[PDB]
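Chemist: Here we go, the starting part of the complex in its complex frame:
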Amino acid sequence: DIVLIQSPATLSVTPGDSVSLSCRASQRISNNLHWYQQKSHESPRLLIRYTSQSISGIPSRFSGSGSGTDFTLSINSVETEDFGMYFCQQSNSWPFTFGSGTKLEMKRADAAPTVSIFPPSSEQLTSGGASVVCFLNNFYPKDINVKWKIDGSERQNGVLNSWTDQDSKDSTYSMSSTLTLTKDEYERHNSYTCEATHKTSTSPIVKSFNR
């Protein structure tokens, strides 16, 4: 299969900025390279076909160039409606393959997460299960590492993580992490900790309770 490599993974812009998105192919694909835009909860939309041929009605700020193994999507001066995911696709050889995508997101000031830990509710503890919840709210940029520690040692299995889309009003991200144990195991440890490492600080944000 032909491999398409896109870069960068994420581009953070202010409306008015100009950007360039790269797609590189593992072999010569001539002009057989297409660009798609995909917004949250929508199907992809064909933006540019055959390297540079812009689709009827696609705004003229969008252009494609390149050939052989090296292709570029340019966006002249980004509008807020341009935020979303961009994929390249080759139709030189079957199976047609897509790149891994470039996300175009809104730039804002770096913000540390507001972190909050929640022991299992007494309601849940009448059951055989115990979940500890950690909310990591309103941070920027999206890149973040969350660890659960139980009596000081990291636990990764039984963890369920969920992330919001970039907030359309303040451009932050939020994440929820849920650690689930049996109630019997939960009652056999004391210390539960949620630890977040984010670029805004060299030391992790630590929230913890004792059972």
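Modeler: Yep, it's here. Numbering: from 1, shown residues only, chains lettered A, B, ... in the order given.
Chemist: ok, the nearest residue to residue A:50 once chain neighbours are set aside - how many residues close by?
Modeler: Distances taken as CB to CB, 6 or more residues apart in numbering place residue A:31 nearest to residue A:50, at 5.1 Å, with adjacent residues excluded. Where you see a C-beta, it was placed from the backbone N, CA and C, and this is true even at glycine. Residue A:31 has 15 neighbours, counted by other CB atoms under 10 Å.
Chemist: ok, residue A:31 - contacts?
Modeler: Taking CB atoms under 8 Å, 6 or more residues apart in numbering, we find residue A:31 in contact with A:50-52, A:67.
Chemist: out of those residues, which are inside strands?
Modeler: residue A:67 (DSSP state E).
Chemist: Out of the contacts of residue A:31, which end up buried?
Modeler: A:51-52 (16 or more other CB atoms under 10 Å).
Chemist: Could you pick out which of the contacts of residue A:31 are located in helices?
Modeler: Using DSSP state H, no member of the contacts of residue A:31 falls in helices.
Chemist: dump the residue contacts of the closest residue to residue A:145 other than its chain neighbours.
Modeler: Using CB to CB, 6+ apart and skipping the chain neighbours, the partner closest in space to residue A:145 is residue A:197 (4.3 Å). Going by CB under 8 Å, 6+ apart, residue A:197 touches A:144-147, A:204-205.
Chemist: Give me the buried subset of those.
Modeler: Members of the contacts of residue A:197 classed as buried by 16+ other CB under 10 Å are A:144, A:146-147, A:204-205.
Chemist: add chain B to the structure above, sequence below:
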Amino acid sequence: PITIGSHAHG
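Modeler: Just below you will find chain B, in place on the chains above:
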């Protein structure tokens, strides 16, 4: 043989 975009755009 398939031409991408040819349904909407010939």
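Chemist: Revisit the contacts of residue A:31 given that chain B is now included?
Modeler: Contacts for residue A:31 (CB atoms under 8 Å, 6 or more residues apart in numbering or on different chains) come out as A:50-52, A:67.
Chemist: Out of these, which is nearest to residue B:6?
Modeler: Lowest distance from residue B:6 to the contacts of residue A:31 (CB to CB) belongs to residue A:50, with 10.3 Å.
Chemist: How about the contacts made by the closest one?
Modeler: A:31-34, B:4-5.
Chemist: and those as TSV, adding secondary structure?
Modeler: Below are those laid out as TSV (DSSP: H, G, I helix; E, B strand; the rest coil):
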residue	secondary structure
A:31	coil
A:32	coil
A:33	strand
A:34	strand
B:4	coil
B:5	coil
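Chemist: Name the member of these with the most neighbours.
Modeler: Each of those was scored for neighbours by other CB atoms under 10 Å in any protein chain shown, and residue A:33 scores highest at 29 neighbours.
Chemist: Around chain B, which positions in chain A sit nearby?
Modeler: A:34, A:46, A:49-50, A:53, A:55-56, A:89, A:91 (CB under 8 Å from any CB of the partner chain).
Chemist: again, only using 7 Å
Modeler: Counting by CB under 7 Å from any CB of the partner chain, the residues of chain A close to chain B are A:34, A:46, A:49, A:55-56, A:91.
Chemist: Now, of these, which are buried?
Modeler: A:34, A:46, A:49, A:55, A:91 (16 or more other CB atoms under 10 Å in any protein chain shown).
Chemist: wait, what's in contact with the second one?
Modeler: With contact set as CB atoms under 7 Å, 6 or more residues apart in numbering or on different chains, residue A:46 has these partners: A:34, A:36, A:55, B:5.
Chemist: and chain C on top of that:
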Amino acid sequence: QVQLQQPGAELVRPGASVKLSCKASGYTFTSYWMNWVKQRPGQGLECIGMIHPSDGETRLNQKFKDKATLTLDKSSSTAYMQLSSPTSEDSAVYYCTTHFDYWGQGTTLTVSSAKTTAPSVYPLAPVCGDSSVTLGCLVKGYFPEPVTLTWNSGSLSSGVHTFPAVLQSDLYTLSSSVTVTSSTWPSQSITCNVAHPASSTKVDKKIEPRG
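Modeler: Let me add chain C to what's already shown:
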């Protein structure tokens, strides 16, 4: 007008075959290839294969050679894609598109052994004895999507993050946070409300300070 009509969602038990449909209208069905594309949400795009309704010529991606089968019912201008022996790796959105210009809305296929199952709804109050306060609501063990979660019957709508649901071992978990000033809670009441249409349930859980 050209339309490609796909159901929004299908649910399938593991090991039980499922057939997804793409109903075409408003053009000559036999004049264009029909393509199927798989996307695991938040992930990239994969070509499954294509079939030409003229003569049923089919091109499959080798990756799916033992998984996907493309067929048609030309008399009703419908293309089908059947998945054999589904597993949790098959849970994804599936799109039909003709020449990658016109796209269906996509069918969200979920593989689970679960029956319809109302959620367990747990109120999340801050750590016992711990200017702003963050409360939570944990929505656990339900099937299928979606639920509708509100705070104070919708009248509390600001400072809320409701996270996308995550399927794990056949059931969904979701959570929501709400952040208010410390003079708002607990002096005024805050309750999480959760409706699950498939089970016809609506549950309220008041957030109470931990004792």
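Chemist: Check the contacts of residue A:31 one more time with chain C there.
Modeler: A:50-51, A:67.
Chemist: correct me, but residue C:189 touches residue C:204?
Modeler: No. Assessed by CB atoms under 7 Å, residue C:189 is found out of contact with residue C:204, at 10.7 Å.
Chemist: what residues does chain A put near chain C?
Modeler: A:34, A:43-44, A:46, A:87, A:94-96, A:98, A:100-101, A:116-119, A:121, A:123-124, A:131, A:133, A:135, A:137, A:160, A:162, A:164, A:174, A:176, A:178, A:209.
Chemist: measure residue C:59 to residue A:61 for me?
Modeler: 35 Å (CB to CB, to the nearest Å).
Chemist: my bad, should have said residue C:122
Modeler: 48 Å.
Chemist: ok, residue C:161 to chain B distance?
Modeler: Note on residue C:161: its distance to chain B, by CB to the nearest CB, to the nearest Å, is 38 Å.
Chemist: Run a quick check on that residue versus residue A:174, I expect a contact.
Modeler: Yes. With contact defined as CB under 7 Å, residue C:161 and residue A:174 form a contacting pair (4.6 Å).
Chemist: shared neighbours of those two, which are they?
Modeler: Joint contacts of residue C:161 and residue A:174 (CB under 7 Å, 6+ apart) are A:137, A:164.
Chemist: Outside of stretch C:75-91 itself, list whatever touches it.
Modeler: C:12, C:14-25, C:29, C:34, C:36, C:48, C:51, C:67-72, C:94, C:96, C:109-111, C:167.
Chemist: let's see 8 Å
Modeler: By CB under 8 Å, 6+ apart, stretch C:75-91 touches C:12-25, C:29, C:34, C:36, C:40, C:48-49, C:51, C:53, C:66-73, C:94, C:96, C:109-112, C:167.
Chemist: Perfect, I'm done here.
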